[PDB]
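First up is the structure itself, then whatever we jot down about it.
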Amino acid sequence: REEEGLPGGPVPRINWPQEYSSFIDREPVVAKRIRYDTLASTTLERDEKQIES
Amino acid sequence: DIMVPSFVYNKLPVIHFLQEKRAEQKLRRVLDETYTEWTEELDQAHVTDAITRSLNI
């Protein structure tokens, strides 16, 4: 995945155009989008040389 | 020359038999004390959760 260039972190299977229609207030939807967009832009990996050491 | 030698000869088979059993007993106890030891290590999911929390997500 890193070679291809896709985001390192997991990405949920969501269709935000549906979520916007579903919820009445944008605040929870915007918060969810912020959380997932921050998650997908971070590499949840540690150094398994230092960990093994 | 005669008497003690004969009675030592009579003793040999039983002592040999008993000492063989004693040796087998030691080996058996050695095997019986062996038990695979499985260790438990901190699950990495908690590490992944603390990583996420540190991001302020």
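Letters A, B, ... go to the chains of the structure tokens in the order shown; residues in each chain start at 1; ligands are counted from 1 in the same order.
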Item to complete: Quick one: pick out all alpha helix (DSSP H) residues within chain A from a backbone DSSP run and write them as an NGL selection string.
Response: :A and (16-22 or 26-39)
The selected residues should be written to file as a tab-separated table (two decimals), in the first residue's frame (atoms: N, CA and C atoms).
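Produced file selection_23.tsv, reproduced below:
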```tsv
chain	number	residue	atom	x	y	z
A	16	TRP	N	-20.35	9.57	2.77
A	16	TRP	CA	-20.73	10.77	3.51
A	16	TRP	C	-21.89	11.54	2.88
A	17	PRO	N	-22.10	11.52	1.56
A	17	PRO	CA	-23.33	12.13	1.03
A	17	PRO	C	-24.59	11.54	1.63
A	18	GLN	N	-24.57	10.25	1.99
A	18	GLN	CA	-25.71	9.66	2.67
A	18	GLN	C	-25.78	10.11	4.13
A	19	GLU	N	-24.63	10.19	4.80
A	19	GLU	CA	-24.62	10.58	6.20
A	19	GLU	C	-25.12	12.00	6.39
A	20	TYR	N	-24.72	12.91	5.50
A	20	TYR	CA	-25.21	14.29	5.59
A	20	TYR	C	-26.73	14.33	5.50
A	21	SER	N	-27.31	13.58	4.57
A	21	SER	CA	-28.76	13.55	4.45
A	21	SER	C	-29.40	12.93	5.69
A	22	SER	N	-28.80	11.86	6.22
A	22	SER	CA	-29.38	11.16	7.36
A	22	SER	C	-29.48	12.07	8.57
A	26	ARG	N	-25.23	19.12	11.38
A	26	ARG	CA	-23.95	18.85	10.75
A	26	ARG	C	-22.83	18.59	11.76
A	27	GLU	N	-22.97	19.10	12.98
A	27	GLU	CA	-21.85	19.04	13.93
A	27	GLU	C	-21.34	17.63	14.15
A	28	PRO	N	-22.18	16.64	14.49
A	28	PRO	CA	-21.65	15.28	14.65
A	28	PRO	C	-21.05	14.72	13.36
A	29	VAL	N	-21.66	15.03	12.21
A	29	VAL	CA	-21.13	14.52	10.95
A	29	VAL	C	-19.78	15.14	10.64
A	30	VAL	N	-19.64	16.45	10.86
A	30	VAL	CA	-18.36	17.11	10.62
A	30	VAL	C	-17.30	16.58	11.57
A	31	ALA	N	-17.68	16.33	12.83
A	31	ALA	CA	-16.73	15.76	13.78
A	31	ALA	C	-16.27	14.38	13.33
A	32	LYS	N	-17.20	13.55	12.86
A	32	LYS	CA	-16.83	12.22	12.37
A	32	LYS	C	-15.89	12.33	11.18
A	33	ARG	N	-16.17	13.24	10.25
A	33	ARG	CA	-15.30	13.42	9.10
A	33	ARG	C	-13.91	13.86	9.53
A	34	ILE	N	-13.84	14.77	10.50
A	34	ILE	CA	-12.54	15.23	11.00
A	34	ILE	C	-11.76	14.06	11.58
A	35	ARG	N	-12.42	13.25	12.42
A	35	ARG	CA	-11.73	12.13	13.05
A	35	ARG	C	-11.19	11.15	12.01
A	36	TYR	N	-12.03	10.77	11.05
A	36	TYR	CA	-11.62	9.77	10.07
A	36	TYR	C	-10.58	10.32	9.10
A	37	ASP	N	-10.68	11.59	8.74
A	37	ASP	CA	-9.69	12.18	7.85
A	37	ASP	C	-8.35	12.35	8.55
A	38	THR	N	-8.36	12.56	9.87
A	38	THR	CA	-7.11	12.58	10.63
A	38	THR	C	-6.55	11.17	10.78
A	39	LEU	N	-7.42	10.19	10.98
A	39	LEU	CA	-6.96	8.81	11.12
A	39	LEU	C	-6.33	8.30	9.83
```
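Interface residues of chain B facing chain A, defined by any atom at most 10 Å away and using only C-alpha atoms, are residues 47, 48, 49, 51, 52, 55, 56 and 57 of chain B.
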Fill in: For CA of residue 8 (chain A) and CA of residue 40 (chain A), the interatomic separation in Å (one decimal)
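Separating CA of residue 8 (chain A) from CA of residue 40 (chain A) is a distance of 6.6 Å.
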